[PDB]
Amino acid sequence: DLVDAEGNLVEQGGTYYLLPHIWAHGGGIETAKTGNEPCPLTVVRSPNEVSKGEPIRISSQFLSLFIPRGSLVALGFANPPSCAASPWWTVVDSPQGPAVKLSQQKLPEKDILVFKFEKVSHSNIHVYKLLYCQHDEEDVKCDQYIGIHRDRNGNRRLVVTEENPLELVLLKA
């Protein structure tokens, strides 16, 4: 089950701050403008440890008051940057591997309903790793994790990683 930082069920379509489990790992999630992006379309972990980052909308593919047990979810900024077609995060291929981004294009649900929270056993509160579920063509398979990769400019980019999956606690905004 998806539970928030205070022990309560996460609400379908509700807004939360995605913060690290370990205080020293940084602040919340936000955006950054990288490469040739017209506006901040790169999803990153804030450069300020005190910041809760951006309020994030969490939604599953089901009509429910709360995020159903073990369901896939879409994640989006409640207040996205101007040049994004929608608030939803999506995973885009690149020379270095899949990266989490916002898009200037309208996205089909199969391109945004690609995340799944996985509870970490060793914890007293509810902490979750973020799984990325790629296309098993007819359906999907959540066999990868989202992590951080600092680029040349220091931006802590959210990307599919082979090690050190990021962990998060969901604080109601």
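Numbers follow the displayed sequence, beginning with 1.
Student: If you average the CA temperature factors over each stretch, which comes out higher, 116 to 124 or 32 to 40?
Tutor: Higher mean C-alpha B-factor: 116 to 124.
Student: Quick check: 129 to 137 versus 47 to 55, which has the larger average CA B-factor in the record?
Tutor: According to the entry, 129 to 137 carries the higher average C-alpha B-factor.
Student: C-alpha B factor of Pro95, ranked within the chain: lowest, middle or highest third?
Tutor: According to the entry, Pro95 has a C-alpha B-factor in the chain's highest third.
Student: So where's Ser64 on the chain's Cα temperature factor ranking, which third?
Tutor: It belongs to the highest third of the chain when residues are ordered by C-alpha B-factor.
Student: Sorting the chain's modelled residues by C-alpha B-factor, tell me whether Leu171 ends up in the lowest, middle or highest third.
Tutor: Its C-alpha B-factor belongs to the lowest third of this chain's values.
Student: Report the third (lowest, middle or highest) to which the CA temperature factor of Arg157 belongs, ranking only the modelled residues of the same chain.
Tutor: Its C-alpha B-factor belongs to the lowest third of this chain's values.
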